[PDB]
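Here's the structure, in structure tokens; my notes come after.
As a convention, Cβ positions derive from the backbone with ideal geometry for all residues, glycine included, and neighbour counts pool all protein chains shown. A short reminder: the numbers here are calculations on the coordinates, not readings from a lab.
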Amino acid sequence: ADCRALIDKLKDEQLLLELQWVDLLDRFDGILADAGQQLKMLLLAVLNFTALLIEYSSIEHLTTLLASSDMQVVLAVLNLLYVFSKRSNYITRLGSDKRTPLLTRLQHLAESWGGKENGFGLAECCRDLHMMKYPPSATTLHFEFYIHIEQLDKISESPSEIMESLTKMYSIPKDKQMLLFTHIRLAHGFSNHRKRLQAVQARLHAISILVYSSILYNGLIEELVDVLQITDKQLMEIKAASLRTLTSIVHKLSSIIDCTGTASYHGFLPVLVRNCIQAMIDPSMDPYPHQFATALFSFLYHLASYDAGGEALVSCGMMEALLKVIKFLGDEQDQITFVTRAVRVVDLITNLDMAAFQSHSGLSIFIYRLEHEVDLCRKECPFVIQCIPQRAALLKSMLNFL
Amino acid sequence: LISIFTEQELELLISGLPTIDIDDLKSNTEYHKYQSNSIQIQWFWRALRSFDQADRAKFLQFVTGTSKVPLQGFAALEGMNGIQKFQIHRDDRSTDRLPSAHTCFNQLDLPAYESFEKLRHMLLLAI
């Protein structure tokens, strides 16, 4: 089928991956085993696409590529490992031949920076702060196993070149130079905004992978909420990553609820969801990025599935906004997908309260949406005595609710 | 113990809150001195859309005398002289008096209230 047509088309390859199984995944695992030993951007596109293929023999090469100076590729590997960890237990069942080297590299990415008490909270490292309001130890390398290099920002030498110089100048403990490399590339990053942000995102992804499969602490939830509450609006990617990390963590739930504020109609998460919904409904309000909205709804679903979260979504009255979504949202594939997510969330809530749903006339709204989608199919297939997949999933979840 | 309910609320306790398809009423509304595009009518529909299920039901009781929703829809709304549709008449008396209902005609008389808030307040006090 069209999967086979896409394969034949791919089998300008990099131009097609930029536009966007066995022998295509094998050519990919090829170039993975080749690049890690006009190259880096091919690896990045291979990764960015593979993180879609798994979402509907690479583990070793991916851990080998998680050890790279360029953060783009680290982020891509992390995003692929997030996809695997979140949707199937592919790396959890794996043997300790490479599962442990992976989880240890992830731990060395994830491990704390000192949070708010010491001056290295996640929120602060996303605002610029002029580079003079952070602790002076941010550009200080103190590897002890005893290396105490300082001002790695002043030093302009490539990070990998510095690591190589350290490798030769000192005998670094075998099979654990990774924690040095991650400290050095962090201390190079923190000097500048893009690299600080990328390291923050990498740490967040590493957490989430390490939890879908010592890193977590009392301040982490607050710090993530603070990342969300940043008003810059240029950090949507970071905010989405933070929300995904919170979703992982949920898999402390009372603290997540107390911080996000879901117990009251006025609260950061409820207000944020309502704004996202209004921007999705009304053209005038700028639509919140698709990824961010996806993360928000996924968080809501993953919360509602727990009784404390479903009771909080009762308390803040999210059923009214979600029925607003299922009533006024359009017909386009992304909007269909948001409607499906909303219906699933409503189903998870109505598994413990009915009064809100009934009071909001929810059954009428569901039936009207089912009529509207069947009427939009009626144009393609008017006979009465293939469907677009997203609409079929909508119909399916809504009939399951009925 | 029953005396805590009103005469509306006792009906809503025995027979339950109906779900009012305000869109069905709008599709079966007749405007006599107002028009379907009169500004007082857009304010009326905004108010009635903003009322909760209980205030919608209390409105339905106020204008039809019952919470019963007709199976065929409000097109089949009966009155004193045969099938009577719901109906909104402009009350040309002073606009310092409440709306008034004639349930046998399913008739609302509505003063030309100067604002959304005042019309909504008076209607909510009526229901």
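Annotations for the structure displayed:
- Size check on the stretch A:1-87: the Cα extents along the three principal axes, sorted descending, read 38, 32, 21 Å.
- The coefficient of translational diffusion for the stretch A:244-402, derived via Stokes-Einstein from the alpha carbon Kirkwood radius under 37 °C and 0.692 mPa s, stands at 203 µm²/s.
- Note: the stretch A:213-294, Cα convex hull, 109 Å³ per residue.
- Summarising the label geometry, the points placed 7 Å from Cα in the beta-carbon direction at A:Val22 and B:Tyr31 lie 7.0 nm from one another.
- Here the sum of -39500 (n - 2.57) over DSSP H runs of 4 or more residues, divided by the residues of chain A, equals -20500 deg cm²/dmol at 222 nm, to the nearest 500.
- Counted charge near A:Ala263, where neighbours are those whose Cβ lies closer than 15 Å (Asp, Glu -1; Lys, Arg +1): -4
- Shape of chain B, Cα gyration tensor, a/c cut at 1.5: oblate
- The ranking of A:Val211, A:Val345 by Cβ neighbour count inside 10 Å, starting from the fewest, reads A:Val211, A:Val345.
- Spin-label model, A:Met285/B:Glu7: points 7 Å from Cα along the beta carbon direction are separated by 4.3 nm.
- Where labels lie 7 Å past Cα in the beta-carbon direction, separation of A:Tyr90 and A:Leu363 in nm: 4.4 nm
- Pairwise FRET efficiency - A:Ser171 versus A:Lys98, Cβ, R0 = 25 Å, nearest 0.05: 0.45
- Residue-averaged 222 nm ellipticity for chain B, from DSSP H runs of 4+ at -39500 (n - 2.57), nearest 500: -11000 deg cm²/dmol
- As a proxy for reagent exposure, ranking A:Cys259, A:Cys377, A:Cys125 by other Cβ atoms within 10 Å from fewest up yields A:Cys377, A:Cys259, A:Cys125.
- 10 Å beta-carbon shell around A:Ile91, net charge (K/R +1, D/E -1): +3
- P(r) of the protein assembly as shown over all Cα-Cα pairs, binned every 20 Å from zero, in whole percent: 18, 41, 25, 14, 2, 0
- Ranking of A:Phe49, A:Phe190 by count of other Cβ atoms within 10 Å, fewest first: A:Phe49, A:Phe190
- Compactness of the stretch A:66-106, expressed as Rg and Dmax over alpha-carbon positions, Å: 10.7, 29
- Loop-located GluC sites (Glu not before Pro) in the stretch B:9-118, at most 12 other Cβ atoms within 10 Å (DSSP): B:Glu114
- Relative packing of peptides A:347-358, A:60-71 - highest average C-beta neighbours within 10 Å first: A:60-71, A:347-358
- Summing +1 for each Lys or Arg and -1 for each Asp or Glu among the other residues whose beta-carbon sits under 14 angstrom from that of B:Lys26 gives 0.
- Computing FRET efficiency as 1/(1 + (r/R0)^6) for A:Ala33 and B:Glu114, where r is the C-beta to C-beta distance and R0 is 51 Å, gives about 0.05.
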